[PDB]
Amino acid sequence: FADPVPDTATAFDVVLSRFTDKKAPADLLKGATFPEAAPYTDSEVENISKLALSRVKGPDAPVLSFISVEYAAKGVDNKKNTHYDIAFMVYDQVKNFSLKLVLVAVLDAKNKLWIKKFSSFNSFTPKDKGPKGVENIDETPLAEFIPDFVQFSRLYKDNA
Amino acid sequence: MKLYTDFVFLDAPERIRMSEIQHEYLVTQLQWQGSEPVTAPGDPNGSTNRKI
Amino acid sequence: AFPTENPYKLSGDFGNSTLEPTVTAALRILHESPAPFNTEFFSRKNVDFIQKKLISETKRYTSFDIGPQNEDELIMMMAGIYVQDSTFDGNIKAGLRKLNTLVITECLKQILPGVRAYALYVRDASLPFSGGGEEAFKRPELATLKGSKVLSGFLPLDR
Amino acid sequence: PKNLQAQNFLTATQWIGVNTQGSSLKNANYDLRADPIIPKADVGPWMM
Amino acid sequence: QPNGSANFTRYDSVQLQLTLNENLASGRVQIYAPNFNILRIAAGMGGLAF
Amino acid sequence: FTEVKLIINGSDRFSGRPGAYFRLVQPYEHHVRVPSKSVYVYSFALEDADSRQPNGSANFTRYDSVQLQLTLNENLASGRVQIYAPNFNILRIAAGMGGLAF
Amino acid sequence: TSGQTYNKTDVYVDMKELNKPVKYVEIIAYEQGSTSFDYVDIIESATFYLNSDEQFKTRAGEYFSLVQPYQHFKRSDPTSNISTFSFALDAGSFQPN
Amino acid sequence: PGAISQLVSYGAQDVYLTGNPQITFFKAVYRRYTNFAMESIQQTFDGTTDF
Amino acid sequence: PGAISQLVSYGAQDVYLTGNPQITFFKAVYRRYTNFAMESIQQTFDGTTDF
C-alpha cells in the first residue's frame, strides 16, 4: 500500500513517509474503482487530519500541532472505501513555523484509518523545471561557434 | 489616490509549477537609524569629531 | 564525376626538377643558412609525411578522399609557421614534433571546412536552386482567423 | 563528390610577411647574408 | 546580482566617524544601509529568513 | 485623385501610382473599353471583364482589414466616393431549393 | 454624407489590419495640415480593447506619456509628446521578451 | 478579459517564441563568488610632488 | 587592399583573439520564453487617503 518516499526527498518528507502505511489493510479493498463525492460535511475532515497527526510519536519526530484544513476532498466507492485527499496546516511548536501537509488516507467499513500519503505540499525537490532563466533581458548570449568537423580540442589532442 | 499594480499572468505550465514548487528569492531591504546631533554648530554644545 | 588529377597552373610544382631543392627555396625566404633543424623540416621526407598525414587525417575525420595539396601553399605555410614558431634548444626531434604539429593543425583548419564548402558548392553548382521543392519555394503563411470559418450562406434540407 | 584528388584546399595567405613573433622588425633583410639560428629554450620568467 | 557585501550580523560594534564642517546647523544624519536577505516562500506562506 | 493606393493588412498592395494610371491604364489592360471619363479602377484579375472565366481574385474575406488611400486634388468639392467590388460566389441549387453560398 | 465635419470627443484607432506579435505600440498626435515634426498631447485618457473586452483599467494620458515608458528608453517629455504601451517587460531588447 | 484572455488566444507565430520554453523572465537567477573585500589603501611617493 | 589585407594577415599576436574561435558575432540568437501577459489592475485603499 502507499508509496516509497521518492529517492530524492527532504528529511522532513522522509520522516513523514516513515509514518505512512506501506502495508495493505486486509488488502480486500480492490473491489471498486473511484469514489462518489456528495458530502457537505466539514468537521469530519478536521478529525482525519488530527488522527494522521496522532500517528506521529517518534523519538525524533517534531512536535506537530493542528491548525486547519482546506480542500477537504472526500467521496466513497460502493465497497465503503472512503477516500480522502486533505490539505492542512500544522504548527511546529519548537522551531516556530507552520507547513501545509497533504494527507491521502482511506477508511474501511469499520472506520479504521490507513494513510496512503503523508507529505509536504511542495514537491519536485530536484528543481528540474524546464525553463532556466536569465539574469539580464537585454543581453543576448553570444552564439556558439559551430566548429569544423573535429571540434578543435580533439584536433590538438590527435595532433600529438 | 489610486494604486495600480501590474500583475503578471502565466500560462498553465508555469502557474502549476509556481504553486507546487517552493521558491527562495535573493532580495534586498533597507535598514536605517536616525540621529539628530547638534552637528558642530557655532553653538558651543557641539564638536567636529562626531561618531554615530 | 570528378577529375582525380589537376591540370595545375604550374604542373610538377615541387619534385621533378634538379635545379634547386625544396630546402634551399625555404631557406631563401627564411633568410637562414642550412642547419639540421632547417634541413630536416623542409626535407622531402618531412613534406611527404605532412602530405600523407593530411590526406589520412582528412579521410579519418571526413568521408572524403583528397589528394596531395598545392605544395606552393604548403611550403609557404611551413615557412610561415616556422618563422612564427621555431623553438628548440638543439633537440631537433622535439622541435620538429611541435613544428609539424602546428603545420598539420593549421592545414586541417583550412582543409576540413574547405571540403565541407566544396561539397556544398558542387551541390548547388550542378542543379537549379538547392533541389529543394516546397521547402525552398515556400510562400509565407497568413495564420490569422479572419475567415477560418466560412459562413456558408445557407444549409439546405436533406431530401 | 568523394574522389577529390584534383582539389587543392590549402591557401597560405595569412602567412606571407610573417615575423618571428608579433613585433615590427621591418622584416626586410637589411643584412645581406646568412643570419644563423638563435637557440631557444622555452624558459620564460627567468632564463636560467 | 550581488557583487559583494559586509556581513554586519557578526560585527561586535560599528561606528561611523564623521569630521564635520564648522558652518553647519543642527539636524539629522539619516543613514541607510541597503542589504541582502533571503525570502523563502513555500506551502502558500512567505517569510524572511535571518 | 492625384494618387491612389490600396493597403492590405497594413502593407502597400502595390506601389502608389498616379490617378491617371487607374483611369486610363488599368482599363486598357483589363477591360473592354477605357471610360475616358473620371472613372478609376484596379484589378486583382488578369485581363478580365467577367470573361465567363475567373483569372485571379482577391480574397477580401481573409484580409484582416483593408483601407484605401486617396490623395485628393486641391480643387475638389466635398461629396461622395463610391467604391464597388464585383466578386465571386456560388449559386447553390438543390432539391427544389435555392440560395447563394459564400 | 452631406460633407459636414464634426469633432470627435472619443476617437479610437482600429488595429484590425495588424496581424503580428507586437512588442509595443507608439502613439503620437499632430495637426492634419502641418504634416511635419513636433508632436502634441491631446489625450486625456486611453484604454485598450481586444474583441470588445477591456484589457486594463482606463488610464490618464499622462500615465501613457510619463509612466509607461519606464519599461524602455526615453521616459521623458522635454519637447516630446510621444506615448507608448508595451506588451513586454522591455521594448529595446533583441530578445522577444 | 484582461491578461487571462490574452493567454487563451493562440497564434501560429507562438510556436517560435513561447513553444517549448527555454528560459523564463520571472525566476531570478544568480551566481556565487569567493568572498572578497575591497579597501582603498594610500601609496607613497618617491620624489617631489609639485609642478 | 581593402579590408582583405586586414582579414588575411591577422598576424601572430592576434592568435589569442581569433584562434580556435569559440563564439560568432554574426549569428543572432534568442531563447524561447514562458508565455505570459501583463494587466494593469487598480487596487483600493482601506482607510482615508488624506494628509
# chains A, B, ... in the order shown; residues from 1 in each chain; ligands from 1
call {"tool": "residues_around", "arguments": {"residues": "segment 11-15 of chain B", "least_positions_apart": "3", "cutoff": "10 Å", "atoms": "only C-alpha atoms", "output": "list in words"}}
result
residues 129, 130 and 131 of chain A; 18, 19 and 20 of chain B; 4, 6, 7, 8 and 24 of chain H; 34, 35, 36 and 37 of chain I
call {"tool": "interface_residues", "arguments": {"of": "chain C", "to": "chain I", "cutoff": "10 Å", "atoms": "only C-alpha atoms", "output": "list in words"}}
result
residues 81, 84, 85 and 109 of chain C
call {"tool": "write_last_selection", "arguments": {"atoms": "N, CA, C and O atoms", "output": "compact mmCIF listing (two decimals), in the first residue's frame"}}
result
# COMPACT_ATOMS: atom_id res chain seq x y z
N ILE C 81 54.77 29.34 -40.48
CA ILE C 81 54.66 28.81 -39.12
C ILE C 81 56.06 28.70 -38.54
O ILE C 81 56.30 29.10 -37.39
N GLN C 84 57.10 32.09 -37.30
CA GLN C 84 56.31 32.47 -36.13
C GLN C 84 56.67 31.64 -34.91
O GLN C 84 56.66 32.13 -33.79
N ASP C 85 57.01 30.37 -35.14
CA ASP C 85 57.38 29.49 -34.03
C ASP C 85 58.42 28.46 -34.47
O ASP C 85 58.08 27.47 -35.12
N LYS C 109 42.70 22.89 -40.40
CA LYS C 109 41.79 24.02 -40.17
C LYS C 109 41.35 24.65 -41.47
O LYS C 109 40.24 25.19 -41.54
call {"tool": "closest_atom_pairs", "arguments": {"of": "chain E", "to": "chain H", "cutoff": "9 Å", "atoms": "only C-alpha atoms", "output": "JSON lines"}}
result
{"residue": "E:1", "atom": "CA", "partner": "H:30", "partner_atom": "CA", "distance": 5.8}
{"residue": "E:2", "atom": "CA", "partner": "H:30", "partner_atom": "CA", "distance": 8.1}
{"residue": "E:3", "atom": "CA", "partner": "H:33", "partner_atom": "CA", "distance": 7.8}
{"residue": "E:4", "atom": "CA", "partner": "H:36", "partner_atom": "CA", "distance": 7.0}
{"residue": "E:5", "atom": "CA", "partner": "H:37", "partner_atom": "CA", "distance": 8.0}
{"residue": "E:6", "atom": "CA", "partner": "H:37", "partner_atom": "CA", "distance": 8.1}
call {"tool": "residues_around", "arguments": {"residues": "segment 13-18 of chain G", "least_positions_apart": "4", "cutoff": "10 Å", "atoms": "only C-alpha atoms", "output": "list in words"}}
result
residues 146 of chain C; 7, 8, 9, 10, 11, 63, 64, 65, 66 and 67 of chain F; 22, 48, 49 and 50 of chain G
call {"tool": "select_by_dssp", "arguments": {"residues": "chain B", "states": "helix (DSSP H, G or I)", "output": "JSON, numbers by chain"}}
result
{"B": [12, 13, 14, 15, 16, 17, 18, 19, 20]}
call {"tool": "closest_residue", "arguments": {"among": "H:10, H:51, H:45, H:25", "to": "chain I", "atoms": "only C-alpha atoms"}}
result
H:25
call {"tool": "atom_distance", "arguments": {"atom1": "atom CA of residue 73 of chain C", "atom2": "atom CA of residue 12 of chain D"}}
result
5.0 Å
call {"tool": "atom_distance", "arguments": {"atom1": "atom CA of residue 155 of chain C", "atom2": "atom CA of residue 59 of chain F"}}
result
22.4 Å
call {"tool": "interface_residues", "arguments": {"of": "chain G", "to": "chain H", "cutoff": "9 Å", "atoms": "only C-alpha atoms", "output": "ChimeraX atom specification"}}
result
/G:20-21,49-50,53-56,89,96-97
call {"tool": "write_last_selection", "arguments": {"atoms": "N, CA, C and O atoms", "output": "compact mmCIF listing (two decimals), in the first residue's frame"}}
result
# COMPACT_ATOMS: atom_id res chain seq x y z
N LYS G 20 0.25 40.61 -36.29
CA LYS G 20 1.55 40.07 -35.92
C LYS G 20 1.74 40.15 -34.41
O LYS G 20 1.08 40.94 -33.74
N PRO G 21 2.64 39.35 -33.85
CA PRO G 21 3.02 39.54 -32.45
C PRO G 21 3.70 40.89 -32.26
O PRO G 21 4.72 41.18 -32.89
N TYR G 49 -8.83 47.63 -26.03
CA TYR G 49 -9.79 46.55 -26.17
C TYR G 49 -9.23 45.44 -27.03
O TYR G 49 -8.52 45.68 -28.01
N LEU G 50 -9.57 44.21 -26.67
CA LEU G 50 -9.48 43.05 -27.55
C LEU G 50 -10.85 42.40 -27.65
O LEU G 50 -11.35 41.88 -26.65
N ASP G 53 -13.46 43.45 -25.14
CA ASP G 53 -13.14 43.25 -23.73
C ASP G 53 -12.06 44.22 -23.30
O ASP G 53 -11.06 44.39 -23.99
N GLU G 54 -12.26 44.88 -22.15
CA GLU G 54 -11.22 45.75 -21.63
C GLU G 54 -9.99 44.95 -21.25
O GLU G 54 -10.08 43.84 -20.74
N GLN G 55 -8.82 45.53 -21.50
CA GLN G 55 -7.59 44.84 -21.14
C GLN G 55 -7.02 45.36 -19.83
O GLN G 55 -6.33 44.62 -19.13
N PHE G 56 -7.30 46.62 -19.51
CA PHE G 56 -6.84 47.22 -18.27
C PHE G 56 -7.73 48.41 -17.96
O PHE G 56 -8.45 48.91 -18.82
N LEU G 89 8.23 43.27 -20.97
CA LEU G 89 8.89 43.90 -19.84
C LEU G 89 9.85 44.98 -20.32
O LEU G 89 10.10 45.96 -19.61
N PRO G 96 12.90 38.40 -27.61
CA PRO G 96 11.45 38.61 -27.69
C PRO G 96 10.81 38.50 -26.31
O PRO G 96 10.13 37.53 -25.97
N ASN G 97 11.06 39.53 -25.49
CA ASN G 97 10.70 39.45 -24.08
C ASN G 97 9.23 39.13 -23.90
O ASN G 97 8.85 38.38 -22.99
